[PDB]
Ligand SMILES: [Mn+2]
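Residue numbers (mature numbering (1 follows the signal peptide of the UniProt record, and there is no 0)): 128 to 300.
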């Protein structure tokens, strides 16, 4: 089965340079691990606003993770995670941008959990949401509870940390 996976990465001011760099590295690693498969990728940076760094069509055209994230500039503003999730649900998974109608829609959200906005993400209900916690404050399962609201259910199976990203194991099959 085909899969359209979007990386939604936190680019807020709370991210230290080394941490933001770790996020970019993680995205590159995930893409190289799923190269030449039925997976197609898109990447969206979010802080106060939302920016599609590359879409599905760009991936098909260029393929190279290094060249795809080359123009990325750390936003360094707020953390509007809910607005970001909504932006992806309506502005990214579009046929005009290379999205396949039949493909399973997957979202890999990379953030430290703290959102500066609120609201509902019903427009993203049909998207499978995996949440990858950044930083050294998600060492325990209890601390990961703060990420539950953004993930698909059961939350315990769609939430993990940047270091190991064990919750993504099924994607690599
Ligand atoms: Mn932040």
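Note that the Cβ used here is the ideal one computed from N, Cα and C, for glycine as well.
With a threshold of 6 Å (Cβ to nearest heavy atom), would residue 206 be considered close to ligand 1? yes
Label residue 173 either buried or exposed according to how many other C-beta atoms from any shown protein chain fall within 10 Å of its C-beta, with 16 as the threshold for buried. buried
Is residue 245 close to ligand 1? I mean its beta-carbon at under 6 Å from any heavy atom of the ligand. no
Output the boundary residues of the alpha helix (DSSP H) element that contains residue 150. 144-160
With residue 177 and residue 211 assumed to form a contact (beta carbons below 8 Å), what rounded beta-carbon distance in angstroms separates them? 5 Å
According to DSSP, is residue 164 helix, strand or coil? coil
Tell me whether residue 270, by its Cβ, gets closer than 6 Å to a heavy atom of ligand 1. no
Considering Cα atoms alone, identify which of 141, 175, 167 is closest to residue 192. 167
Any chance the segment 230-237 sits against the segment 149-169, with 3 or more Cβ pairs inside 8 Å? yes
With C-beta atoms as the reference, is residue 183 less than 7 Å away from residue 128? no
With residue 179 as the anchor, note down where its beta strand (DSSP E) starts and where it stops. 177-181
Cα-Cα separation between residue 170 and residue 181, rounded to whole angstroms: 6 Å
Residue 141 to residue 260 span [Cα, whole Å]: 13 Å
What are the boundary residues of the beta strand (DSSP E) that residue 195 is part of? Run containing residue 195: none in the beta strand (DSSP E); it sits in the alpha helix (DSSP H), 192-195.
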